[PDB]
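Tertiary structure, described
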Amino acid sequence: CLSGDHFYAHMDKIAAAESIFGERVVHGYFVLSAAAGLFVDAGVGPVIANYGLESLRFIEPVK
Amino acid sequence: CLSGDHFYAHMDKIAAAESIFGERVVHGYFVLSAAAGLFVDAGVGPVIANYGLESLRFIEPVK
Amino acid sequence: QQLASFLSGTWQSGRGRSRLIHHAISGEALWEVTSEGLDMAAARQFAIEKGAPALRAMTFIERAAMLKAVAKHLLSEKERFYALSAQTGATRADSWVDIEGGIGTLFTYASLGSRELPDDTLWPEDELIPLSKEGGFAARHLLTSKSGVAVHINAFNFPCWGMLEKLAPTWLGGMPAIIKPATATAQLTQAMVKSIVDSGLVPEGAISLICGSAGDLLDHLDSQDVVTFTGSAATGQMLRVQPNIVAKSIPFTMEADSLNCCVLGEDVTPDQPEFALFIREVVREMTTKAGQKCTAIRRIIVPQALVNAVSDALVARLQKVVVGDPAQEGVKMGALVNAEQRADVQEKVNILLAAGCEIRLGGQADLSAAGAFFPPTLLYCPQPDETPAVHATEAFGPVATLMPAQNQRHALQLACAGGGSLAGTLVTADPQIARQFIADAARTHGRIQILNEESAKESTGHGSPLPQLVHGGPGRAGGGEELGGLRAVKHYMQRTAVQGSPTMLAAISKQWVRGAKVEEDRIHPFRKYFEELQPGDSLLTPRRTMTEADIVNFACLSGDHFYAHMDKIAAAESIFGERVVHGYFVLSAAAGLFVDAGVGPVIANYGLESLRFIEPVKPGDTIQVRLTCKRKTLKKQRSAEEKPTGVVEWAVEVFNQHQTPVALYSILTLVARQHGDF
Amino acid sequence: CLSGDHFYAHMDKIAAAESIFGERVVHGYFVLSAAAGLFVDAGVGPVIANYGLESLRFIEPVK
Ligand SMILES: CCCCCCCC(=O)SCCNC(=O)CCNC(=O)[C@H](O)C(C)(C)COP(=O)(O)OP(=O)(O)OC[C@H]1O[C@@H](n2cnc3c(N)ncnc32)[C@H](O)[C@@H]1OP(=O)(O)O
Ligand SMILES: CCCCCCCC(=O)SCCNC(=O)CCNC(=O)[C@H](O)C(C)(C)COP(=O)(O)OP(=O)(O)OC[C@H]1O[C@@H](n2cnc3c(N)ncnc32)[C@H](O)[C@@H]1OP(=O)(O)O
Ligand SMILES: CCCCCCCC(=O)SCCNC(=O)CCNC(=O)[C@H](O)C(C)(C)COP(=O)(O)OP(=O)(O)OC[C@H]1O[C@@H](n2cnc3c(N)ncnc32)[C@H](O)[C@@H]1OP(=O)(O)O
Ligand SMILES: CCCCCCCC(=O)SCCNC(=O)CCNC(=O)[C@H](O)C(C)(C)COP(=O)(O)OP(=O)(O)OC[C@H]1O[C@@H](n2cnc3c(N)ncnc32)[C@H](O)[C@@H]1OP(=O)(O)O
Ligand SMILES: NC(=O)c1ccc[n+]([C@@H]2O[C@H](COP(=O)([O-])OP(=O)(O)OC[C@H]3O[C@@H](n4cnc5c(N)ncnc54)[C@H](OP(=O)(O)O)[C@@H]3O)[C@@H](O)[C@H]2O)c1
């Protein structure tokens, strides 16, 4: 809803069964954002910016 | 809220004025996720998986 | 001086024994009318084979725009219409009512035909009638026009209005009209017809005019012709038994004289404002057009204990009415139109006096004056349920009789004893008295104004037939109905139930139906402009699985915390068996599934036509939406700055994984046009 | 975000200025849904179903 990414392997129960995943999977970008939810420190410190992201590969689907 | 990323340049009004950006900026991963919200067809098609992301650089901040 | 009839495109004139038009306020003859020798068969021939296909080739939107164009052309030169209407003895206010009501009927039918009539030659008035279980056989009612003429036989009272409120539904229904105005006033009608014809706005053969008698017109009409009559009940009952009208079985919409009640209620006492506005309404309605309108008050029903108070109030108010020339100052009531009409009113007064009584200056009318002046007359009937001449004789001038009632059960009987009427009126403030009045007295009246203190500020009045209210009552009033909004244009059309498959009814109706074939063409129908949207352009959207989180987030965001959505216990004891998705969230996730995000021809949302929920949507239950185009009906770009746009209706068919249609409905949507009309 | 209706008069700041509305407006269905947020009793009562909606028209835009 928030991103607007309504891809069929995430929002359709029927099409996800006919896909390569077998059922509905979590977005890869929600894995990428929930990761930064798990490690980014909220306080003011030495970390200034985000600056990019080198080499992302998704390996197994998150369900 | 959803991602859990509560970095000071996004959720604090005081420290974002004292940062390099001058005010609160949008998350880089929300730019990356709203972009995929904009270019993705929701319907079933030839596109199967997300598979990764070759490179990324956040050039200018989004407000 | 010849008053020229307009037949077959040429301003002809009759050759025979000619009747002549007296001036009303002065008495001389400044016109004379004749129609003998005029070929009426050639007139109907030219109308049917010239102006009928030219009108029927237009769409309804083009005919409404033509009505608006003729209305703005008739509004720009109304001063000669006032100059011609002053010859009928009417004042400036009476002529204002006539001319501007006749032109406001044109603007009203232009607005109605632009807002609620299709961009089509035909018109389906139903939605759809599914006649089969599978859905391969249905039917819907089409309103095609008629390929004949409309003969309009008008009275003398409203030459502009009484012609021009028949001419607008006839033209909006795509038929040419042959107006036969009354000979006593036909100069204003020829002024109107000449102003219409000499403008180039209407097609040729779309309007005729016979100043004088028809003679050989009703003997030539085919079954695709309609006749609309306006006059007394002695003439129209002889025109109804005309042998060609009953042989070819043509629609004869008769609409005749009526004794119009005005009942004062028991709750009204003379200290209230209700009594003052009752007296004001009866006086204004009896003095407007010198009492020469059909919807004028001619029977005043009062309570028994208030008869002397009503009579003294009416005498004290009506003696202030100054009868005279309309151009000179200080004159309220004008005159009648003829010395013959004055003699007819006085010989009806003598009939009402053969079994009635008298209050004011009644039958003392000078029959030797150089003008058709009749004094304002108030009568009295001490035995209203014993004198049938009061309930059967109309004195068609400033005459109005008064009679007592007994506690709202004799007043209803005296209102219903008019033999079928038009334009009744109760003046009360108790709403249950008005409820009991409508429950008994709406069987005989075609219009009833319940006048109270809130109504009387912006009331149109007793004798103002609105162009969007049914004008005409049963019984003595004729039984015909006019001006019913779009009810009037259906007298000029043939209603046809077209059976067949929905994919055939779609091509017939130029719309989409329910089960018609679809045109899925690989791009989004919200990307198409108005001119490249076809009715049937469909879209099968992707799906969306309804979950419990969807219910939670929509109930939180809206605030609709209804128990069938937020309670596991109460939904198990409800009609649904478990918690269901919000219907508004199905309605919103549908628009999430079919709306193009990008900038395109779709401008606004404009409303939603008719929503029904059919089966409940549950968690673990996908939703797929079938957006398809249904109607187009372009707007007309009222300014030069506004964008050319049209209002496309889309039929929306949401369904689930079992393909049963949860929540099928229909959205309107304003869509920008690529090409305008300017 | 929740409905998925990302029409340009609601989610674009530039094109909403170039539209008939002059700026971004509230969704018509959100007016229709927040209304039912305002009048619907949450409690168990005589009201059973929703059954449909007769005739909707949006007259002026909500900002
Ligand atoms: C979640 C993980 C991080 C945890 C902390 C979270 C912190 C945040 O979320 S901050 C979020 C918002 N921040 C942003 O979006 C990033 C802001 N933008 C920037 O990166 C700023 O330019 C800034 C000032 C911080 C650094 O810029 P700076 O290094 O001084 O100069 P700049 O010209 O921008 O070059 C930076 C990089 O961008 C690339 N780049 C710049 N312009 C371009 C261009 N036109 N085309 C392609 N690449 C370009 C450069 O190649 C360079 O990359 P490299 O390391 O390979 O040389
Ligand atoms: C948003 C923009 C796209 C729009 C569409 C969005 C579609 C989606 O959102 S799908 C949901 C997101 N996807 C996921 O979360 C799951 C991703 N899917 C997968 O990973 C699938 O298993 C699939 C089929 C692509 C993997 O491919 P597969 O044939 O099994 O080969 P596999 O070797 O296992 O994986 C390929 C990559 O894994 C990389 N990899 C890295 N480390 C490892 C490791 N330890 N083990 C295995 N693979 C690894 C490899 O480098 C390889 O990349 P490359 O080809 O460049 O060398
Ligand atoms: C905001 C309002 C206050 C808050 C209330 C909140 C309640 C909810 O949100 S409930 C969740 C959403 N609402 C719903 O799903 C409504 C429930 N769904 C239903 O339709 C129910 O089964 C129920 C009980 C109303 C149906 O009643 P039922 O006795 O079976 O009559 P039924 O004729 O079969 O269907 C009702 C209507 O569907 C219409 N309909 C239209 N097309 C079809 C079709 N193809 N097949 C069947 N029915 C159809 C029927 O014509 C009928 O309408 P009408 O009376 O005008 O002719
Ligand atoms: C989801 C569907 C796909 C579309 C993508 C989403 C689009 C949007 O979300 S737009 C945002 C929400 N939409 C709106 O706010 C629309 C606002 N409504 C408007 O009236 C707009 O100003 C607009 C652009 C349509 C202009 O309308 P306009 O041409 O001036 O006609 P207007 O005079 O306002 O009357 C409109 C209708 O309201 C009706 N109405 C009913 N009661 C009243 C009343 N008291 N006063 C005025 N109008 C009334 C009118 O009868 C008319 O309907 P009809 O077709 O029967 O004549
Ligand atoms: N909607 C309504 O109910 C309504 C509206 C307005 C007026 N009226 C009623 O109309 C009456 C006053 O008008 P009016 O005196 O003009 O009515 P009318 O004289 O009886 O007849 C009206 C029209 O019928 C024509 N006509 C008369 N005799 C005919 C015949 N034998 N064959 C064919 N056509 C004939 C007249 O033409 P000629 O001029 O040659 O006679 C005139 O055009 C009042 O009683 C009033 O109540 C009713």
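Residues numbered from 1 in each chain as written, not as in the entry; some residues may be left out. Chains lettered and ligands numbered in written order. Part of a larger assembly, values for the part shown. Heavy atoms only, no water.

As summarised from the PDB record, the model derives from cryo-EM at a stated resolution of 3.1 Å.

Looking at the overall build of chain C
In terms of regular secondary structure, chain C is built from 18 helices and 25 strands. Judged by the C-alpha coordinates and their principal axes, chain C covers about 90 × 60 × 50 Å. The 678 residues of chain C split such that 56% are buried. Contacts in chain C between residues far apart in sequence, at least 24 positions, make up 72% of those at least 6 positions apart. (Helix = DSSP H or I, 4+ residues; strand = E, 2+ residues; numbered from the N terminus. Buried < 20%, exposed > 50% of the residue type's maximum accessible area, 1.4 Å probe, protein only. Contact = heavy atoms within 4.5 Å.)

Notes on the packing of aromatic side chains
Residues and elements named next belong to chain C. All chains considered together, the criterion is met by 13 aromatic pairs over all chains. Look at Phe-526 and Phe-594: their rings are 6.1 Å apart centre to centre, the planes differ by 80 degrees, and that puts the pair in the edge-to-face class. With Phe-526 in the loop between helix 14 (502-509) and strand 21 (538-540) and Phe-594 in helix 18 (residues 583-594), the pair connects residues that are 68 residues apart, well separated along the chain. Summarising the burial analysis for this pair, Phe-526 and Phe-594 share the class buried. Grouped by ring-pair contacts, the aromatic residues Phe-526, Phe-594 and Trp-650 constitute a single cluster. One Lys or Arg, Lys-194, reaches over the ring of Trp-11 and ends 4.1 Å from the middle of that ring. Of note, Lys-632 hangs over the ring of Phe-530, and the distance from its end group to the ring centre comes to 5.1 Å. (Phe/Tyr/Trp six-rings, centres within 6.5 Å; stacked < 30°, edge-to-face > 60°. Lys NZ or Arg CZ within 6 Å of the ring centre and 35° of its normal.)

Brief notes about the site of ligand 2
Not every one of the 17 residues close to ligand 2 is listed here, only the nearest: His10(A), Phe58(A), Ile59(A), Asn50(B) and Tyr51(B). Neighbouring residues of ligand 2 are not confined to one chain but are distributed across chains A and B. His10(A) places a side-chain nitrogen or oxygen 2.9 Å from an oxygen atom of ligand 2. Bound to the protein, ligand 2 loses 60% of the 1,200 Å² it would expose on its own. Only helix 3 (28-39) of chain A together with helix 3 (28-39) of chain B provide two or more residues apiece to the shell around ligand 2. Here the shell around ligand 2 is composed, by residue class, of 13 nonpolar, three polar and one charged. (Near = heavy atom within 4 Å. Polar contact = N/O pair within 3.5 Å; in protein donor to acceptor, adjacent residues only side chain to side chain. Areas by Shrake-Rupley, 256 points an atom, 1.4 Å probe, with all protein chains shown as cover. Nonpolar A, V, L, I, M, F, W, Y, C, P; charged D, E, K, R; others polar.)

Comments concerning the interface of chain A and chain C
If you look at the interface, chain A gives six residues, while chain C gives six residues. Summed over both sides, the interface between chain A and chain C buries roughly 580 Å², with carbon and sulfur atoms accounting for 55% of that surface. Summed over the shared surface of chain A and chain C, the number is one salt bridge. Among the salt bridges present, the one from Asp12(A) reaches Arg543(C), with a minimum N-O distance of 3.3 Å. Taken together, the residues of the side of chain A that touches chain C break down into three nonpolar, no polar and three charged. (Buried area = accessible area lost by both parts, 1.4 Å probe. Salt bridge = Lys/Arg side-chain N within 4 Å of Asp/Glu carboxyl O.)

Focus: the side chain of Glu32(C)
All names here are of chain C. Position of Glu-32 relative to the elements: it lies in strand 4 (residues 29-33). One buried charge, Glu-32, has no salt-bridge partner; the nearest side chain with opposite charge is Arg-15, at 5.6 Å. Of the polar contacts made by the side chain of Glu-32, one reaches the side chain of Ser-18; its length is 2.5 Å. (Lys, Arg positive; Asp, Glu negative; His and termini not counted.)

A word on the sheet that holds strand 20 (residues 493-500) of chain C
Hydrogen bonds between backbone groups are what pair the strands of a sheet, and the pairing can be parallel or antiparallel. Residues and elements named next belong to chain C. If you trace the three strands from one edge of the open sheet to the other, you get 5-6-20, paired in antiparallel fashion. Taken across any chain shown, the strands that pair with only one partner, and hence form the sheet edges, are strand 5 (129-130) and strand 20. Bridge count between strand 6 (residues 138-145) and strand 20: eight bridges; the pairing is antiparallel. Residue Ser-145 lies in a different strand from strand 20, and its bridge partner there is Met-493. (Pairing = 2+ DSSP bridges.)

Brief notes about the packing of helix 4 (residues 92-115) of chain C against helix 5 (residues 161-172) of chain C
Angle between the axes and distance between the axes: these two values describe a pair of packed helices. All names here are of chain C. Direction vectors running N to C along helix 4 and helix 5 enclose 15 degrees, while the axes themselves pass 8 Å from each other. One finds that helix 4 runs roughly parallel with respect to helix 5. As for how helix 4 packs across helix 5, the hand of that crossing is right-handed. Between helix 4 and helix 5, the residues in contact are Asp-98, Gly-101, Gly-102, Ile-103, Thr-105, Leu-106, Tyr-109 and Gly-113 and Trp-161, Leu-164, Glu-165, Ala-168, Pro-169 and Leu-172, respectively. Of the residues contributing to the contact of helix 4 with helix 5, the split by class is eight nonpolar, four polar and two charged. (Axes fitted to C-alpha atoms, helices over the stretch in contact; angles between N-to-C directions. Parallel < 35°, antiparallel > 145°, perpendicular 65-115°, else oblique. Left-handed = near helix turned anticlockwise from the far one by under 90°.)

Thoughts on the pattern of salt bridges
All told, the structure shown has 19 salt bridges over all chains when counted by the stated rule. When the shortest N-O distance is used, the salt bridge between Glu520(C) and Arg626(C) registers 2.5 Å. Remark: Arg626(C) occurs in strand 23 (residues 621-631) and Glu520(C) occurs in the loop between helix 14 and strand 21; sequence separation between them is 106 residues. Take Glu520(C): its relative accessible area is 47%, and that puts it in the partly exposed class. For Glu54(D), the salt bridge identified is with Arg612(C), shortest N-O distance 3.6 Å. Of the two residues, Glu54(D) is situated in the segment after helix 3 (28-39) and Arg612(C) in the loop between helix 18 and strand 23; the pairing between them involves two chains. A residue is classified by how much of its surface remains accessible, and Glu54(D), at 59% relative accessible area, is exposed. Salt bridges linked by common partners bring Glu125(C), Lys490(C) and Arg495(C) together as one network.

Comments concerning the nonpolar core
Residues and elements named next belong to chain C. If you look at the biggest cluster of nonpolar residues, it comprises 52 residues, and the most contacted ones within it are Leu-164, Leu-167, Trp-171 and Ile-196. Every element with two or more residues in this core is listed here: strand 4, helix 2 (60-75), helix 3 (79-85), helix 4, helix 5, strand 8 (177-180), helix 6 (186-197) and strand 9 (207-209). Aside from chain neighbours lying at most four places away, what touches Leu-164 is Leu-74, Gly-102, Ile-103, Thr-105, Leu-106, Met-192 and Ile-196. In this structure, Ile-551, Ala-591, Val-602 and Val-652 belong to the second largest nonpolar core, which totals 48 residues. (Core = buried A, V, L, I, M, F, W, Y, C linked by side-chain atoms within 4.5 Å.)

Looking at the interface of chain C and chain D
Contact with chain C, which involves 42 residues of that partner, is made by 36 residues of chain D. A combined buried area of about 3,300 Å² lies between chain C and chain D, and 60% of that area is made up of carbon and sulfur atoms. On the chain C side of the interface with chain D, the three residues burying the most area are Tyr563(C), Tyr584(C) and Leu608(C), jointly 17% of the side's total. Here chain C is connected to chain D by two salt bridges. With a shortest N-O distance of 3.2 Å, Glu609(C) and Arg57(D) are connected by a salt bridge. Where chain C meets chain D, there are nine residue pairs in polar contact. When contributions to the side of chain C that touches chain D are tallied by element, the ones reaching two or more residues are helix 15 (548-558), helix 18 and strand 25 (664-672) of chain C.

What to know about a positive patch on the surface
Residue and element names in this part refer to chain C. Side chains of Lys-68, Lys-72, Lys-635 and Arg-638 sit close together on the surface and give a patch of like positive charge. Within the secondary structure layout, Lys-68 lies in helix 2. What makes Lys-68 partly exposed here is its relative accessible area of 38%. (Patch = residues over 30% accessible without salt bridge, like charges linked within 9 Å, V, L, I, M, F, W, Y side chains within 5 Å. Charge placed at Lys NZ, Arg CZ, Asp CG, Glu CD.)

Here's the deal with the environment of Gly28(D)
Inspection of the secondary structure puts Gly28(D) in helix 3. Among the residues examined, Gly28(D) registers a relative accessible area of 14% and is labelled buried. The sequence separation of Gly28(D) and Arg57(D) amounts to 29 residues, and the corresponding C-alpha distance is 9.4 Å. In contact with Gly28(D), not counting residues within four places along its chain, are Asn605(C) and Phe58(D).

Considering the UniProt feature "active site" in chain C
All names here are of chain C. Per the UniProt record, "active site" is found at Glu-255 and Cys-294. In terms of the greatest pairwise C-alpha distance, the residues named above, spread along 40 residues, form a tight cluster of at most 10.1 Å across. Along the chain, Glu-255 turns up in the loop between strand 11 (252-253) and strand 12 (260-264). Take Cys-294: it is sitting in the loop between helix 9 (273-287) and strand 13 (297-303). On the basis of relative accessibility, which here comes to 24%, the residue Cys-294 falls in the partly exposed class. (UniProt positions renumbered as here; feature names shortened; annotations may be inferred.)

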